[PDB]
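Below, each chain spelled out in residue letters.
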Amino acid sequence: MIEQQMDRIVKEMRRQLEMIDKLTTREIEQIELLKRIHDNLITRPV
Amino acid sequence: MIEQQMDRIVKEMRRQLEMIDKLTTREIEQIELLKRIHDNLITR
Amino acid sequence: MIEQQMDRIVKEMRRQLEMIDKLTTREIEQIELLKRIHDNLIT
Amino acid sequence: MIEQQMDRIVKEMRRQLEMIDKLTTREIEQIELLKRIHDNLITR
Amino acid sequence: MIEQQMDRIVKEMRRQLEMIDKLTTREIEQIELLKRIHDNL
């Protein structure tokens, strides 16, 4: 059929996409962390 | 058939690239935080 | 309209790719401030 | 053969994933280096 | 240009394989600019 190779690749791009997805969750976590670090430098003026 | 399959590809190419606009948004959030932290460093 | 459906793919592989550029364009800004942030090693 | 070029696409695609994997591995290392640093400043 | 639109496509997969590859060399600069900050405690 050659849709034989079309189906393997779909599946692929959705993997690529779900990794990106999860990678994004690691980008946002880094914010909650950068924010809690930009704030600790404020309370502790030293 | 083959044509039908290529669209899924197109939608997956848009739902992917779509995902990246979103990610580049976080990247910009971090950079502003970084700068906010650096200025709060010049002082102490 | 199949060879033509690819003409959109090429349009978008190039669109996406031009967006993965900005994400990279930004990655460097972060890596820059971190350099300035580093320096106040003794201050 | 055109069916054959496709194997170049699937391959090059797995060359993407095999990497987007390496990259996400780059990203977590940052989260752990930040969760740890925070906890450093947390004790002053 | 089916078979010819084939390579133009495979091409962008190698040039896009470069963007991610580099975008990665930068991500590594961040992490060692961060460990070069964590241990700094």
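Here the residues of each chain are numbered from 1 in the order the sequence is written, which can differ from the numbering of the entry; residues without coordinates are not included. The naming scheme follows written order: chains are lettered A onward, ligands numbered 1 onward. Working from all heavy atoms in the structure, the side-chain values ignore hydrogens and water. Residues with missing side-chain atoms are left out of burial classes, side-chain pairs and their counts.

The deposited coordinates derive from X-ray crystallography, with the record listing a resolution of 2.500 Å.

1. Overview of the overall build of chain A
The test is simple: Strands are runs of DSSP state E lasting at least two residues, helices are runs of H or I lasting at least four, and both sets are numbered from the N terminus onward.
Looking only at helices and strands, chain A features 2 helices and 0 strands. Along the first, second and third principal axes, the C-alpha set of chain A runs to 70 × 10 × 5 Å.

2. A short note on the interface of chain E and chain D
A common way to express how large an interface is: the accessible area buried when the components associate. So the rule is basically this: When checking whether two residues touch, look at their non-hydrogen atoms; a contact exists if any pair is within 4.5 Å. For this scheme, ten residues count as nonpolar: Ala, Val, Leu, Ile, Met, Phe, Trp, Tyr, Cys and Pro. Four count as charged, namely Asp, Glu, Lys and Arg, and the remainder, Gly too, count as polar.
The partner chain D presents 21 residues to the 19 residues of chain E that form the contact. Its residues placed into classes, the side of chain E that touches chain D shows 12 nonpolar, 4 polar and 3 charged.

3. Some words on the arrangement of the chains
A gap remains between chain B and chain D, with no contact made and the closest C-alpha atoms lying 12 Å from each other. Spatially, chain B and chain E are disjoint, and the shortest separation between their C-alpha atoms is 11 Å.

4. Description of the UniProt feature "binding site: Ca(2+)" in chain A
For clarity, the cut-off: UniProt positions are given in the numbering used here, feature names are shortened, and annotations may be inferred rather than shown by experiment.
According to UniProt, the feature "binding site: Ca(2+)" maps to A:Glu27 and A:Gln30 in the numbering used here. With respect to the secondary-structure elements, A:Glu27 resides in helix α1 (residues 4-38). Leaving out residues up to four positions away in the same chain, A:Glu27 has contacts with B:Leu23, B:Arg26, B:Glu27, B:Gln30, C:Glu27, D:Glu27 and E:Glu27. Among the secondary structure elements, A:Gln30 is positioned in helix α1. With near-sequence residues (within four places) excluded, A:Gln30 lies in contact with B:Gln30, D:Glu27, D:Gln30, D:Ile31 and D:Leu34.

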